[PDB]
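One structure is given below, encoded as C-alpha cells.
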Amino acid sequence: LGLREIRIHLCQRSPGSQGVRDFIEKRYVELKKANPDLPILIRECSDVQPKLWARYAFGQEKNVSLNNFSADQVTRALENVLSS
Amino acid sequence: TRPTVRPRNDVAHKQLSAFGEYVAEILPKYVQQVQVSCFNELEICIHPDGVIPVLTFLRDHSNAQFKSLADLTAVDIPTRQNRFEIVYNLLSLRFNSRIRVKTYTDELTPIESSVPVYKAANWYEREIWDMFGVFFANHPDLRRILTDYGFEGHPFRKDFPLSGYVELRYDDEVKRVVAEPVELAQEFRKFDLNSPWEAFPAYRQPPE
Amino acid sequence: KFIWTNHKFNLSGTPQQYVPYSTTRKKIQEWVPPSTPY
Amino acid sequence: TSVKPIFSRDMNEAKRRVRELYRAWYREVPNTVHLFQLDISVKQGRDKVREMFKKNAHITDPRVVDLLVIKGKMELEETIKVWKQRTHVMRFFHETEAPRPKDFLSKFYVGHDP
Amino acid sequence: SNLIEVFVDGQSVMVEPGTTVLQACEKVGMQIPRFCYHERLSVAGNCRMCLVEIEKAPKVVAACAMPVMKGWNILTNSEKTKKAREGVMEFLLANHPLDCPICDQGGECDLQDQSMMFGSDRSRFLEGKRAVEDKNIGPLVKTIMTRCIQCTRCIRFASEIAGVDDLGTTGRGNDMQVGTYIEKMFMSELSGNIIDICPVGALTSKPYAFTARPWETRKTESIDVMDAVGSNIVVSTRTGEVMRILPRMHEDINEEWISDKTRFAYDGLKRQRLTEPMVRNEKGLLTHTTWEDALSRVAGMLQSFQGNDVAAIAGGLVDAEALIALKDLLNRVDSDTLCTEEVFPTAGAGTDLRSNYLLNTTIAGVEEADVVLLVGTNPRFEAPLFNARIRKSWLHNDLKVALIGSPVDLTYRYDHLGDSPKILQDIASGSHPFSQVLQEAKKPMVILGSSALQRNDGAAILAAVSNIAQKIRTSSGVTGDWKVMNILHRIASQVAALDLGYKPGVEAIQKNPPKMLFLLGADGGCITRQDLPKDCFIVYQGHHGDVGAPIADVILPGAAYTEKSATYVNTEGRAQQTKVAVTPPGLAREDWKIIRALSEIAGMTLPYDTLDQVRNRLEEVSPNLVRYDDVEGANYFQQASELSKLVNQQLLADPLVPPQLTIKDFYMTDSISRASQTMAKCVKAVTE
Amino acid sequence: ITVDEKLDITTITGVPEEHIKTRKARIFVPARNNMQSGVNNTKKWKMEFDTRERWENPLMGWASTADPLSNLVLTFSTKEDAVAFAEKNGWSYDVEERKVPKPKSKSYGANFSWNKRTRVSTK
Amino acid sequence: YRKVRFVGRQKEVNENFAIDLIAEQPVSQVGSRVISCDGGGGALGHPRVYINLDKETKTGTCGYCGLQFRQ
Ligand code: SF4
Ligand code: SF4
Ligand code: FES
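Residue numbers (the deposited numbering), protein chains in the order written: chain K, 14 to 97; chain C, 45 to 252; chain U, 107 to 144; chain O, 15 to 128; chain A, 29 to 716; chain G, 53 to 175; chain I, 51 to 121.
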C-alpha cells in the first residue's frame with residue numbers, strides 16, 4: 014500500500030554480513046517494540062548479499078542490498094522504507 | 045572336485061606369462077598394462093597412440109606372427125569417463141595363440157584406421173561408425189552399414205531406448221510409406237531380477 | 107467328462123470367429139452424483 | 015582440451031567449411047526434384063537447406079563443428095546419387111503428422127502433463 | 029589409544045574393544061549370513077547360521093554375540109566353516125512346507141537367497157513335516173504359522189521397541205508355536221510394522237494380500253505426509269497404479285520404522301476422488317464442464333471483488349509450491365486477510381525468527397537428553413515415531429519423564445504431575461515438585477503440542493511455558509548452549525504453510541464477511557456456509573470430496589501426494605521433496621499450474637512457467653526451503669523470550685485434555701484416512 | 053604431433069532431440085528393499101529420470117506409453133565420476149547422498165542387570 | 051461406450067464357472083491329525099503339502115488344491 018512486510022535475509026557465517034546479526038542485537042527488540050502491527054521477517058540464509066526485501070502496492074517487490082556494513086548503518090537503512 | 049569341475053591345465057598358463065612379459069619390455073612408449081586371463085588368454089592395455097604401431101610389430105616378427113585378424117569389436121561403458129572401448133583380436137597361425145589388444149577412446153577424440161596394416165578391418169570399421177559413433181580418420185571409405193538411411197541415433201550405445209524413436213506405417217492418403225512416432229500395443233514389461241547377498245567373495249569390491 | 111461330444115473347426119467366419127474380448131472387472135469406479143434434492 | 019582435432023583448427027577453416035558444402039546442396043537441390051519424379055515447389059528445396067544450416071547455431075567448438083560436417087558431407091553422396099527411393103527423402107518435410115499445439119491453453123484440453 | 033587390530037581373512041583392521049565378530053567382519057565387506065541378528069533389535073543366539081571358524085582352536089564359534097580379543101585370525105572362507113553353513117541350512121529346510129509358489133514373500137525370502145548361494149544342493153529326509161495351525165491377530169497381520177523358521181525376531185521386538193508386551197513362546201521340544209496363548213488380538217501403532225521383520229513368509233500383509241510379486245514393481249522414492257515427522261518411504265507401481273509402500277531406512281527420522289497409518293492409507297487414494305472440474309449450477313445441480321468453461325466462471329468474479337472481501341484459506345496437506353502461486357496471486361490484487369485451517373496463537377512472534385515455532389533440538393537430540401517434561405499432549409497417536417524415539421532411549425540408558433494432564437496409557441513409566449493450566453505457574457518457583465530436578469538437569473527439555481496450544485487462552489501457555497525455559501536457560505542453563513523450549517505439530521504441511529509468512533489461525537475471516545473464498549483447507553468443520561454471509565461464492569480446490577465438496581460453488585481438481593513433485597517440511601524445518609509416481613487420473617492437474625492458468629485468463633500474469641522458475645521464487649521469499657535436509661544453527665529465542673512477554677494475558681481454568689484417547693480416533697482423521705476402506709475395517713474391530 | 057592445448061567445457065549436441073533440456077535426471081544410491089536384509093544391492097550410484105504419464109490402452113489394458121527413455125539405469129562407480137556423465141552429455145540433473153548407519157554399540161550380556169533398567173524377560 | 055465391438059460377434063464367454071464349483075465335493079475325513087494333500091494323482095498336481103485339521107470342524111484344503119477337505 015504500503016508497506017506490507019519486511020524480510021531481512023542474512024547468512025549464518027561469512028561474517029562480512031555481521032551487521033545484520035549485530036542489527037538484531039541493536040534494533041529488533043527495540044525497533045519492533047513499537048510497530049506492533051508489522052510482521053517483519055527474519056529468514057535464514059542467502060549466504061551472499063543479504064538483500065533486504067520489502068513488498069507493497071499490490072505485491073511489488075523492492076530489494077535493497079547490503080554487503081558489509083556496521084551496526085547503525087542498517088538501523089538507519091531500515092527507516093528509509095519504513096517512514097514511507 | 046574332479047567329476048563336474050572343468051580340469052585346468054598349467055602349461056598353457058606358464059608361457060603366456062613369459063611371452064607377454066616382454067611385450068611390455070620392447071614397446072614401453074605405448075603399452076600401459078598387461079595380464080593373463082585365468083583361462084590362458086592375454087589382454088594388453090594399450091594407450092590410444094599406438095594402434096597402427098603396435099600391430100605392425102605384431103604384424104611381422106619371427107617371435108610373434110599374428111597374421112590373422114579375427115574379431116574387431118567394441119564395448120561402451122558409462123562411468124568410465126572415456127566412454128567407449130575397442131578390442132582387437134588376433135590369431136598367430138604358427139604359434140597357436142590368441143592375444144587381444146584393448147584401446148580406449150572417446151567420441152570426440154579420433155582414432156586412426158588400421159586399414160593399411162590389415163585389409164580386413166575395412167568393413168569392421170565402417171560398421172562402428174554407424175553404431176557407437178567413434179570416428180575413424182584416414183579410412184579409404186566411411187559409410188552406413190547395418191542401419192537404415194534414417195537412424196540419426198547410433199543405436200547400440202546405452203542411451204538408445206530399445207524401440208527406436210519412430211515407428212513406421214504406410215497410409216494410402218498419398219502413395220508413400222511414412223514415419224509417425226512410436227506407439228506400442230504393449231508396455232514391454234520391465235522385470236527386476238537382481239538378487240541381493242553378493243554370492244561372490246573373490247571379486248569383492250574394495251572395502252571403502 | 108469335462109470334454110466335448112462331437113467337434114468343431116478352425117473356421118473363417120462361421121459366422122463365429124470368436125474375436126476375443128477382455129475378461130476383467132472394472133477399474134476406477136467413477137463417482138455417482140447425488141439425486142433430485144438440492 | 016588436448017586431443018587432435020579432426021579437420022579444422024579454430025572456427026575459421028571450420029566456418030569456411032560450413033559455408034562450402036552449403037553450395038553443393040544449394041547448387042543441387044533441384045536436379046533431384048525432377049529425378050525422383052517428386053513434385054514440389056523447387057524453392058521449398060532451397061528453404062529447407064537454409065532452414066537446417068541455420069538450426070545448430072550455438073556451437074562453441076571445433077571437433078563439434080567438424081563432427082556435424084562428416085555427417086553433412088556424407089548425405090551428398092546418397093542424395094546426389096540415387097540410393098534413396100523417394101521415401102527416404104520426402105521424410106524431411108512431414109506431410110501427415112498432425113500439428114502440435116506448442117501453446118498453453120491448447121494443451122490443457124488434450125493430453126496429461128507434458 | 030583404545031583399539032585392537034584383528035586380521036580378518038589375513039587382512040588387518042582396527043576395532044573398538046568390544047565389537048563382536050560380525051561388526052568387525054562387516055568393516056571389510058562380508059556378510060556372515062544372518063538369521064536371528066538384527067541391528068535395531070537386541071541379539072540372541074538361536075539361528076546358528078553364522079558360524080565363523082576361528083584360527084587354531086578345534087571348536088567353531090558364533091559370530092553374533094561374542095567379543096573379539098587381541099587379534100585372532102578370523103577365517104571366513106575355508107573347508108571348516110563351509111562344513112557348517114551347509115549343515116545348518118539343510119536342517120531348517122527339514123520342515124518348511126512346499127510353498128513358494130504362493131507364499132507372498134516368494135520373491136524376497138531368506139530361505140531362498142541363502143540356500144541357493146550358501147548351503148545345500150538337494151535334500152535327504154525323506155518323510156515327515158509337522159504342520160501346525162494358524163489363528164488370527166487382526167485385520168492386518170495375516171498369519172500362517174506353518175512356516176516359522178523360529179528366529180524369534182517377531183518376539184524380541186514386542187517386548188522391545190513398541191512397548192506392547194504380548195507375543196510369547198509356548199511349548200517344548202520340536203513343538204513350540206509363537207502366537208498368543210489366549211485369543212487376544214494384538215493391535216497398536218508400529219505393530220503394523222512387523223512384516224518387515226519376519227525373514228520368511230509367516231507374517232504377511234492383509235490388504236496387499238495377493239496382488240503382485242516383487243520383481244515387477246518400480247521403486248520411486250517419495251515422502252509421506254500425513255503428519256509431522258514425515259518419513260522416507262518408497263512407493264511401487266505395477267500397471268501404473270500404487271501397490272504397496274515400505275520404509276526407506278533413513279537414519280534419523282524413521283530409524284528403520286514406518287508408522288502404521290502412513291502404510292495402510294494408500295488404500296483410500298484410489299477410492300473416492302474427483303476427476304474433473306464441476307460447474308456451479310444454480311439449483312442443487314452440480315455438473316461437469318469442459319476445462320475451459322468453469323475456469324473463466326471464477327475468473328471474472330475476481331475482477332469484481334477487491335480488498336478484504338476475497339480471502340483464501342489453505343490448511344491441509346497442500347504443497348509448498350501452491351503456497352506461493354496462490355499467495356502472490358491473491359496478494360497482487362491486494363487482498364490478504366488469509367490464514368490456514370490450523371490455529372497457532374500469536375502475540376509478539378510466531379512468524380519472525382520462528383525460534384519457538386519449530387522443534388528445536390531435533391529428533392536426534394532425544395538420544396542425548398536427560399530430563400524431559402512434556403505437557404498437554406498424547407504423543408503416541410500424533411507423531412508416532414517421536415514416541416518410540418523416546419522409548420528406545422528411555423531404555424538403553426536412563427531417562428526421566430513427566431506429563432501434565434489426563435493420564436493416558438503410554439508404554440513406559442511416567443508420572444502424571446498435575447492436571448490443569450494452573451499447575452504450570454507455580455512451577456516457576458519451588459512447588460509441586462521437580463523444584464530442582466528441571467533445575468539440576470544437565471540437558472532439560474520441554475515439549476508443547478498443537479492440541480493444548482489451540483485453546484482460547486493459548487497465548488498464555490506459550491508464554492507461561494517459555495518462562496520456565498527462560499527460568500532454566502538463564503541460570504546456565506544447560507552446559508552449554510543446548511536449546512530447550514520447543515514445540516511439536518500434528519499437521520502435515522504447516523511449518524511450510526506458515527513460515528512463508530501466512531498468518532496463523534482462522535480469525536481474520538471470523539471478524540468480517542468476505543464474499544469469495546478459496547477452500548484448500550478444506551475439510552475441517554471450522555468454516556461453514558451458515559457462518560458465511562449471503563450466497564457469495566467459495567471455490568473449492570483439492571482432490572477429494574469429503575466435507576466441503578457439496579458446500580461450495582465451483583470446484584477444481586488436483587493431485588494428491590504421489591503425483592506431483594512438491595516440497596514439504598517436517599518439524600525440524602528440513603525440506604523433503606516428494607517425487608512423481610502415477611500420473612494423475614482423468615483431467616485433474618497439479619495445483620500450482622492451475623494458478624497460472626487462472627492468472628493469465630484473468631488480468632495479471634505471474635512471472636514464471638516451469639518448476640525451477642517456481643523455486644527461485646521460493647528462494648526469494650524463503651532461503652531454507654531450497655536447502656534440502658539440513659538443520660541450520662539458529663537459537664534466536666533470547667530476543668523473542670522477552671518480546672513475547674509483552675502481553676499480560678492470564679489463563680483459563682480447566683483440565684487439559686487431548687483430542688485423541690485410547691485408539692479409535694487415530695484412524696479416521698485427515699482426509700485419505702476417512703475414505704480408506706480398510707481403516708473402515710479396523711475401526712469396527714475396535715468398538716466391539 | 054599437434055597437441056594444441058585448450059579449454060572448452062565438453063558438451064555434445066544434436067543426437068537426441070528435445071529431451072536435452074526438457075527433463076531432469078537424478079543421481080541417487082538405491083535404498084535396499086527392506087523385506088530382506090541383504091546389503092549387497094547398494095554400492096553403485098546409478099541414475100534414472102523423471103516419470104511421465106502412462107495411460108491405459110483401450111483394447112486390453114496394457115499401459116502403453118511414449119517417453120522413450122523411461123527405462124534406463126546406468127551404473128556409475130562414484131560421485132566424482134557420477135556427474136561426469138550428465139555435463140559431458142549436457143542435460144540438467146540433481147543429486148542425493150549416500151547413507152551408512154551409526155557406529156553403533158550393542159552388547160549381549162548387558163541383558164541381565166542388577167539395577168539397570170534394561171533387563172529382558174522371555175527373550 | 052465400449053460395448054459396440056462384439057456386436058454381431060456372439061461374445062465368447064465361459065459356460066461353466068469355477069467361481070464356486072468346489073462346494074459339491076463330499077468333503078472328506080480321515081480320523082487322524084495331519085494329512086498329505088498331493089492331488090490329482092501322483093506327480094501330476096500340486097507339490098506335496100501337509101495340513102493340520104484340529105479345530106473342531108473345518109479342515110483346510112491347502113489352497114493349491116481347493117477341494118474341500120476336513121475331518
Ligand atoms: S515361504 Fe519362504 S520358504 Fe516357504 S515356500 Fe514361500 S519362500 Fe519357499
Ligand atoms: S513369524 Fe514366522 S518367523 Fe517371525 S517369529 Fe513367528 S514364526 Fe518365527
Ligand atoms: S543370527 Fe545368529 S543368533 Fe540370530
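Idealized CB from N, CA, C, for every residue including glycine.
Have a look at the DSSP bridge pairing and note the partners of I451 of chain A. According to DSSP, which records beta bridges pairwise, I451 of chain A is partnered with nothing at all.
Taking C-beta to C-beta, are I189 of chain A and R483 of chain A nearer than 8 Å? No. Outside cutoff.
Rounding to the nearest angstrom, what Cα-Cα distance links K140 of chain G and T63 of chain G in this structure? C-alpha separation (whole angstroms): 5 Å.
Exposed or buried, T507 of chain A, counting other C-beta atoms within 10 Å across all chains shown (16 or more means buried)? With fewer than 16 Cβ atoms within 10 Å of its Cβ, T507 of chain A is classed as exposed.
Please state the DSSP three-state secondary structure of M329 of chain A. Helix.
Can you tell me whether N74 of chain A sits near ligand 3, meaning its C-beta is under 7 Å from at least one heavy atom of the ligand? Yes - ligand 3 has a heavy atom lying nearer than 7 Å to the Cβ of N74 of chain A.
Secondary structure of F63 of chain C, DSSP reduced to three states: Looking at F63 of chain C - three-state DSSP - the assignment turns out to be helix.
For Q109 of chain C, return the contacting residues in chain G, with the cut-off set at a CB-CB distance below 8 Å. Taking the beta carbon of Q109 of chain C as reference, no residue of chain G falls within 8 Å; the closest one sits roughly 31 Å away.
Check whether the Cβ atoms of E217 of chain A and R68 of chain A lie closer than 8 Å to each other. Against a cut-off of 8 Å, the Cβ pair of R68 of chain A and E217 of chain A comes out as no contact.
Using a Cβ-Cβ cut-off of 8 Å, state whether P28 of chain K counts as contacting chain A. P28 of chain K does not count as touching chain A.
Would you mind listing the beta strand (DSSP E) stretches within the stretch 159-217 of chain C that are 3+ residues and don't spill past its ends, in chain order? Runs found: 210-214.
Around the Cβ of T315 of chain A, are there at least 16 other Cβ atoms within 10 angstroms (buried) or fewer (exposed)? By the 10 Å Cβ count, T315 of chain A comes out exposed.
Give me the Cα-Cα distance between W97 of chain O and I155 of chain C, rounded to the nearest whole angstrom. Cα to Cα, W97 of chain O sits roughly 29 Å from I155 of chain C.
Are the stretch 270-277 of chain A and the stretch 677-684 of chain A touching, with three or more C-beta to C-beta distances below 8 Å? No contact exists between the stretch 270-277 of chain A and the stretch 677-684 of chain A.
Mapping the DSSP letters down to three states, classify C53 of chain A as helix, strand or coil. In the three-state reduction of the DSSP assignment, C53 of chain A falls in the helix class, which pools H, G and I.
Below 8 Å on the Cβ atoms is my guess for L516 of chain A versus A256 of chain A; work out the distance and round it to an integer in Å. About 6 Å; that satisfies the 8 Å criterion.
I'd like to confirm the pairing. Which residues does DSSP put opposite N84 of chain C in its beta bridges? Under DSSP, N84 of chain C forms no beta bridge with any residue.
If you measure from the beta carbon of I210 of chain A to each beta carbon in chain I, is any gap under 8 Å? Taking Cβ atoms only, chain I never reaches closer than 8 Å to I210 of chain A, which makes this a no.
In three-state terms, what does DSSP make of residue 9 of chain A? There is simply no residue 9 of chain A to check, as chain A begins at 29 and stops at 716 in what is shown.
Could you say if the stretch 27-37 of chain K and the stretch 77-85 of chain K meet the contact criterion of at least three C-beta pairs nearer than 8 Å? With the cut-off at 8 Å, the stretch 27-37 of chain K and the stretch 77-85 of chain K touch.
Assign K712 of chain A to one of three DSSP states: helix, strand, or coil. Looking at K712 of chain A - three-state DSSP - the assignment turns out to be helix.
Note down, in chain order, every chain A residue with its Cβ under 9 Å from the Cβ of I101 of chain I. What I101 of chain I touches in chain A, judged by beta-carbon distance under 9 Å, is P125, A159, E161, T174, going in chain order.
Is it true that the CB of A411 of chain A sits closer than 8 Å to the CB of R518 of chain A? Going by C-beta atoms, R518 of chain A is nearer than 8 Å to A411 of chain A.
If you measure from the CB of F63 of chain A, is any heavy atom of ligand 3 nearer than 7 Å? Checking every heavy atom of ligand 3 against the Cβ of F63 of chain A, one is found closer than 7 Å.
Using only the alpha-carbon positions, how far apart do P167 of chain A and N86 of chain G sit? If I take the Cα positions, the gap works out to 22 Å.
Burial state of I72 of chain I, where buried means 16 or more other Cβ atoms lie within 10 Å: Residue environment for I72 of chain I: exposed (fewer than 16 other C-beta atoms within 10 angstroms of its C-beta).
Among C:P97, C:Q230, C:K146, which has the Cα closest to the Cα of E87 of chain C? For the residues C:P97, C:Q230, C:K146, the minimum Cα distance to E87 of chain C belongs to C:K146.
Give a yes or no on whether 8 Å exceeds the smallest Cβ distance from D70 of chain I to chain A. False, the Cβ-Cβ gap to chain A never drops below 8 Å.
Rounded to whole angstroms, what's the CA-CA distance from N105 of chain A to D37 of chain A? Just pull it up for me. Their Cα atoms are separated by approximately 8 Å.
Hey, how far is the Cα of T239 of chain A from the Cα of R106 of chain G? In this structure, the CA atom of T239 of chain A is about 20 Å from the CA atom of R106 of chain G.
Does the stretch 396-405 of chain A come close enough to the stretch 417-431 of chain A that 3 or more CB-CB pairs lie under 8 Å? Between the stretch 417-431 of chain A and the stretch 396-405 of chain A, the count of Cβ pairs shorter than 8 Å is three or higher; the stretches touch.
Flag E129 of chain C as yes if its beta-carbon sits less than 8 Å from any beta-carbon of chain O, otherwise no. No, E129 of chain C lies away from the interface with chain O (no Cβ there is under 8 Å from its Cβ).
Can you find the residues in the same chain that come closer than 7 Å, C-beta to C-beta, to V47 of chain O, ignoring five residues on each side of it along the sequence? Closer than 7 Å at Cβ, skipping near neighbours: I54, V56, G59.
Counting contacts by CB-CB distance shorter than 8 Å, is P205 of chain C in contact with chain G? Interface criterion met: the Cβ of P205 of chain C is under 8 Å from a Cβ in chain G.
Here's a check: name, in chain order, each residue in its chain whose Cβ is nearer than 7 Å to the Cβ of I225 of chain A, leaving out the five neighbours to either side. Within its own chain, the residues whose Cβ lies closer than 7 Å to the Cβ of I225 of chain A, once the five positions on either side in sequence are excluded, are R181, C182, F185, listed in chain order.
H517 of chain A: CB within 7 Å of a non-hydrogen atom of ligand 1: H517 of chain A Cβ: outside cutoff for every heavy atom of ligand 1.
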